[PDB]
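We call the chains A, B, C, D, E, F and G, going by the order they appear; numbering starts again at 1 in every chain.
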Amino acid sequence: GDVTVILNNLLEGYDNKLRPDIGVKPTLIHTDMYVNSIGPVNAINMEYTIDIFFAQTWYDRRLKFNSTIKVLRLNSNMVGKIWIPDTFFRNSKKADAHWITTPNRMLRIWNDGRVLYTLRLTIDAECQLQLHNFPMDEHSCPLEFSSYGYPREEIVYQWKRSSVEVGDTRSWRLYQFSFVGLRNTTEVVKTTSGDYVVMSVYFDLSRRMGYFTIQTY
Amino acid sequence: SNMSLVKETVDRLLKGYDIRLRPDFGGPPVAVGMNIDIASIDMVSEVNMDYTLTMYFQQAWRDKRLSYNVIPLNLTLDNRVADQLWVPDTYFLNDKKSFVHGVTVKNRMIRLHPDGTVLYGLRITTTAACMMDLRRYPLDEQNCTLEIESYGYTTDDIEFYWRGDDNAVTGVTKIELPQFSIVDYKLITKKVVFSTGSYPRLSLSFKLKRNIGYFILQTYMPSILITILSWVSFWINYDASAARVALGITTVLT
Amino acid sequence: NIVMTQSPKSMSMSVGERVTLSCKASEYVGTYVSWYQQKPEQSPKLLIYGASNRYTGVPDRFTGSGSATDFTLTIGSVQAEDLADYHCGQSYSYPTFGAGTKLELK
Amino acid sequence: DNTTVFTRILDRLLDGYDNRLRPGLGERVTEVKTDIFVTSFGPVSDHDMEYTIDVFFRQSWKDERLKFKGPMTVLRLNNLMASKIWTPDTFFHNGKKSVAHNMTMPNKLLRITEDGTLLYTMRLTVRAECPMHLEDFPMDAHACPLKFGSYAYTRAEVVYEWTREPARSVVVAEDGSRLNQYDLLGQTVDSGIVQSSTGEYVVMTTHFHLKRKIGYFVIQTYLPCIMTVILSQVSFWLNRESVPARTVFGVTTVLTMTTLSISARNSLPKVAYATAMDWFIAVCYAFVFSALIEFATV
Amino acid sequence: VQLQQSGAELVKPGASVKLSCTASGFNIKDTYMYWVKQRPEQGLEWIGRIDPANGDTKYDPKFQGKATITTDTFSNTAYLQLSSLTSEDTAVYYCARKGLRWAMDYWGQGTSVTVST
Amino acid sequence: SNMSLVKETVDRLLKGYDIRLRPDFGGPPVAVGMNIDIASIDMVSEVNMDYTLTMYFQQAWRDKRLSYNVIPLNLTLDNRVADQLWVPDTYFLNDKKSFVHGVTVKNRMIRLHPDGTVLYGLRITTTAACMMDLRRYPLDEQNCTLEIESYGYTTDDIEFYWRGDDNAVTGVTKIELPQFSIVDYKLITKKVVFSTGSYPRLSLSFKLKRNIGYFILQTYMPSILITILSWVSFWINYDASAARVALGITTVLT
Amino acid sequence: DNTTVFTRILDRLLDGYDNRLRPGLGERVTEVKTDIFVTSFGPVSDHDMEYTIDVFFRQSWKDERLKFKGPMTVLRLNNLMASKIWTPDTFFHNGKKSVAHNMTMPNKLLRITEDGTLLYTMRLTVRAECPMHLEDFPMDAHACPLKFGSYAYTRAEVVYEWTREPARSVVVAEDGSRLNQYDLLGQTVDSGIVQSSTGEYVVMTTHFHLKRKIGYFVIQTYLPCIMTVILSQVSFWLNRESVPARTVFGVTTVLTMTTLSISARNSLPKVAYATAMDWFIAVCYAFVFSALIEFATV
């Protein structure tokens, strides 16, 4: 098929070990996030669960192609063939993608080499709760992420105005907390291996005193 | 260009590369420098006699075969390359279960330098066995440790050292624990001998002191009171048997 | 056996204005209600498949809605071609059609 | 020999086959026919607000590239063949942690018909979130959903449909019911669209209607609460002069109502609102406390 | 794309009749084939359906035995045969194809089956 | 000799071997004999309504593609050969979580015979669901089963039978359970019909009778003797209202 | 390069090498010398009747195919070489669940001597079952076994043996003891034969002898029981008029006895038979009741 020929040409002479523009300029990655759910906030382990659809967009000069097909809509089969940024969540106790029935990954490539790569993730992010004022305490704690091995000189992350959007919020697992709102942030963090662009999303959570009223007051 | 040349050099580096043989297979030992960045110490448990430790575990060694001069920059490569490169078989002797984080990809770093150095980062959560002496509980201080050594390579083949020897472990100050305070930490280098040979051992140890404030109010205060009320029986006349007997015996039950 | 009650049984509403056909189902038929148009002496033609989906080459004045048991078909503005019998059928279970309602102009 | 013809057939099928492209990529829309057989409806977890379900997940679609001519009309092939061909990337919208079973070998089957039709069944244990409003607890009923659809393929490329009549397309094994405190009244299916920033996706919905059984809650909370109330009541028949007796009755009954309250609240999740059992416990507590006040007034 | 249903048939009472629905532009093996009768100036009523790939047939509980749906995948045709014909069977019989959301998207022109002497 | 000969025999056997096709792919069904050696019934929980079974699962069938005559002895090959051969897709329908033991290596066996027979063994521990009727608890007798079935192959492609039909399952008499006793067990051969076809199923079931000894001294004796204590109210003088009140309320709290 | 000679040596060793065939497959018996170094004796779970142990499992055997002549006498090779050659498939007969640690890399060792001897070590955490009778609980000793042998290889193909003297082949690190309530007295080894449905196998057995420490059970169950008995007896010295006081003594002493009886049983698994602690609790219980009956009759 035509798409088969295009995909064969794209991968021919392609080194997925090397990021785009390796010796030229930092690779600019645009990230969006759909907060499907903010799971329970259990203070005993000092963590909270969140289910998101993470999206990342960058430009790969090696993936340019000329054809009437304007976008190559692909499944997870190609995710491991092209270069993918090594984004990781810095405050995650443990996170895993979803693998049923197949890897919950999408890949779309445009004519100009732009790549869109989304995947489904559930993260047990850890954030310290200052339990002073509990159970009247209000918390606003983050979900940070960055590139593991690429400092700011090689990978730069950037948000979008409509990057972070939330679900319905009625089916969320928050029982003793209420989702006030969220804000995003970007900064540079000094690390043993260099300086990294760290992207943060803060979820403001207000406690519900109704349950603990009945329980103890 | 700066892409064709990079691809060419990386192809040359991995062509005819024997992953089975360590750098300087027949020669002197390879020197591996260790950095740790303690992301957190999640939970210290007395029942299980262990503690969980998330950290960025970095190892630096020099490999002649991975030296290049046609490009004046440090090549960070997609961590899938580590499956094609030799890396030291470091292991933690006193760990129960540990994993490398794997979202969105394996939290692993390989960085090459023109002189041949290789930086190998890993993000590891480790539940390490830490036997505790509870004679003075909850007035006790524990000494949980992490024992790092090479499995297959003896001291004729590998030597471990702390990269910096003082600022090799970072983030201990930023660590926070609900029940413990980190008094200090020490970095030790030594060699341990087994029947199979002698191996280089690094040890990272923390001094943890229990925060008594919780326990005072939680346990001692009810005890102190109950044993105070138990004295109320004295002020009551011995004629009234029921009140005094009930008070004493219920204090014993409590 | 789901019984689809279709009302009104007939209409003589004036041309050019809104028409509302309401079809009700005895049981739950999630969104598998379809609307067929049957001009005199001719086979039925599908207008709405599922609930609130239009078939290819259908005038945009036709639009349906309905969730569990209450489904309706709306025509923005009647035309001379819309003078036909309309039947609502469910496909959640073995198919059953409604009594069908006749549209007339006067 | 005796299978070299079949080996040639299979090798020809895969030859020049791109499994990165859906069947009919440019000509048409891939229509996937889905079917579920529930071999067991697992226990419902109220604290986690999820339910487990073990299913045979069956999907069928037509692949022109897999047409063949041979002595056999249907090729019953190993599961490993399924990885070499294109298969739909279905995922469960509300699935939390689902395991694909693999003992002893991957529990998957692939069947290819000479006309190109494919049947692809897999065995799964799906753990899906079932949001619940527990205002009527323990006399509450829920419609636990099981939504699923395609990741990375929009309505314009992949659409899902039920293999047979929607009412008969989700089948629950009669003997398969691992529920302890729930009753499965029935299941209901629907088909819809998911509106996403990346496009419009087809979502196939199934709702399992569960009504909670009250016997356990009766025995553990309501009958004990009524008995505590009556134990507080009997003090009125007691002698007025037995002030210690009546005081002991009242204080012990109130302590008993507190312990039942605290033990009953832990069973259900830590929801903010107040459930029916909470109101019953509160009113029983009020009755015992009023009996204590009455004794005090006497 | 089109179902070339047979022509109108005149049948004496008590005499079986075979109605054929010929499909073109698609393989009947792909989808279900339906049979619907419409009485003179009356609502439609489903008779039965056949899954040509499998060969299974389901019927309106009121048509058990009185109707028989069969297919010929080789001929790409669907047949409806009524065992016994009475005064109530003088209607118009339609052949329909299963559609997108289980809707009967394509219908045949219909056959007039009058029972008279 | 006896080494190059064996190597070339095994190489010839695996040459042009289509793992995608069962023995007699277009012919009659292949017969698979099931042999089990129960190692232990590790735990039986009413909370989770399941039990844990460790066993040696053996399967025997004939693959004429794996027939050799140039070497006279049964061949045991490294367990990794099982990945290059065809093995039946047996699965346990009612297992919630199960695994093949993998220390020091995958606990798997492949033994070939000259006639083509293949003996395929696994050490499997599986947690299987069995709904329990606790109406007569703790005096109840449970009947927990393991349902062995083929996934993708119908009765036209594969058939299951118990090798021995009485000695197919061994080790049951040796099993000891802290709170249970195995009254008996049965081996059943039948067929199950699904929408996709008819499949062969084997069922191994156990009759478990609960030991009342623990429950006596755990729940029955305390309640009985609390009732005995409660009756003591009658012997006390009826004047002492407070004493009898305390006695009765204490019994209710117990 | 200095490394080219060793690459050539390793390529010649693995050329035409079948890792599917044991050394001396047709001619002799592969004799595997075994050795264990216990880096820590994990906790012993009485409730589950199991214990955990962390070891360096050492196995040595001779492979004539791996003879080489090079500048060095021993090849200390990366553990990935172990997968390229034949290794024994040792397994633990009574192992409930084992871990082959691979942090940061497979904790395996492979040393090839110029004459073809192999040393294959690995770090394992073995959770093994230890059947244990608790009649003398808490004054009970156990000999927890650790049986291991070959899977799929009969005594006519692979036989195991201890490297050093049998009394010196299982070595326990002096600082490596994770026991809390058990005392490790020593270990004994034995070698025997096991008959299975598949053939005759060599089984290597190690017995770890454990003595339970009583201090916890002393302070938790005995002193409370003796104190309860004496507290029940104090009621004897009280006045015969103080009827409510002695009644409260009796009832709450019995309360404590029942609480101790229920709280002692959960300290050990659900065993049908009665333990020594149960007999002691029962005797103290009978004494308390005896005292109560004395008060009631007087």
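What we mean here is this: contacts are C-beta pairs under 8 Å (C-beta built on N, C-alpha and C of every residue); 3 or more make two chains touch, one makes a residue touch a chain.
Visitor: Would you mind checking which chain's mean C-alpha position lies nearest the centre of all protein C-alpha atoms?
Guide: D
Visitor: Measuring centre to centre with CA averages, how many angstrom lie between subunit A and subunit B?
Guide: Whole-Å distance between the two chain centres: 27.
Visitor: Using mean CA coordinates as chain centres, what's the subunit A-subunit G distance in Å?
Guide: Roughly 44 Å, centre to centre.
Visitor: How far is the middle of subunit C from the middle of subunit F, if each middle is the mean of its Cα atoms, in Å?
Guide: So the centroids are 57 Å from each other.
Visitor: Rounded to the nearest whole Å, what is the centre-to-centre distance of subunit E and subunit G, using the mean of the C-alpha atoms as each centre?
Guide: Distance between chain centres, rounded to whole Å: 74 Å.
Visitor: What parts of subunit E, by residue number, touch at least two of the other chains?
Guide: In subunit E, residues 100-102 touch at least two other chains, as defined above.
Visitor: Multi-chain contacts only, two chains or more: what residues does subunit C have there?
Guide: 31-32, 50, 91-92, 94
Visitor: In subunit F, which residues are in touch with two or more of the other chains?
Guide: 242, 246, 253
Visitor: Going by the touch definition at the top, which pairs of chains touch each other?
Guide: Pairs flagged as touching, ordered by label: A-B, A-D, B-G, C-D, C-E, D-E, D-F, F-G.
Visitor: Considering only the defined contacts, which subunit D positions touch subunit A in the complex?
Guide: 18-21, 25-26, 49, 57, 87-92, 95-96, 98-100, 122, 124, 126, 129, 131, 151-153, 157, 197-198, 262, 265, 269-274, 278
Visitor: Using the touch rule from the top, collect the residues of subunit G that touch subunit B in their complex.
Guide: Those in contact with subunit B are residues 2-3, 6-7, 10, 35, 37, 39-40, 43, 56, 58, 71-72, 76-81, 99, 101, 103-111, 119, 121, 123, 125, 171, 178, 180, 231, 238-239, 242, 244-245, 248-249, 252, 255-256.
Visitor: Considering the complex alone, what residue numbers of subunit D touch subunit C?
Guide: Answer in residue numbers: 165-168, 188-192, 205.
Visitor: In the complex formed with subunit G, which residues of subunit B make contact?
Guide: Against subunit G, the touching part of subunit B is residues 16, 18-22, 24-27, 49, 57, 65, 86-100, 122, 124, 126, 129, 131, 151-154, 157, 194-196, 241-242, 245-246, 249-250, 252-253.
Visitor: Flag every residue of subunit D that touches subunit E in the complex, lowest number first.
Guide: Going through subunit D, the ones touching subunit E are 62, 115, 117, 159, 161-162, 164-166, 191.
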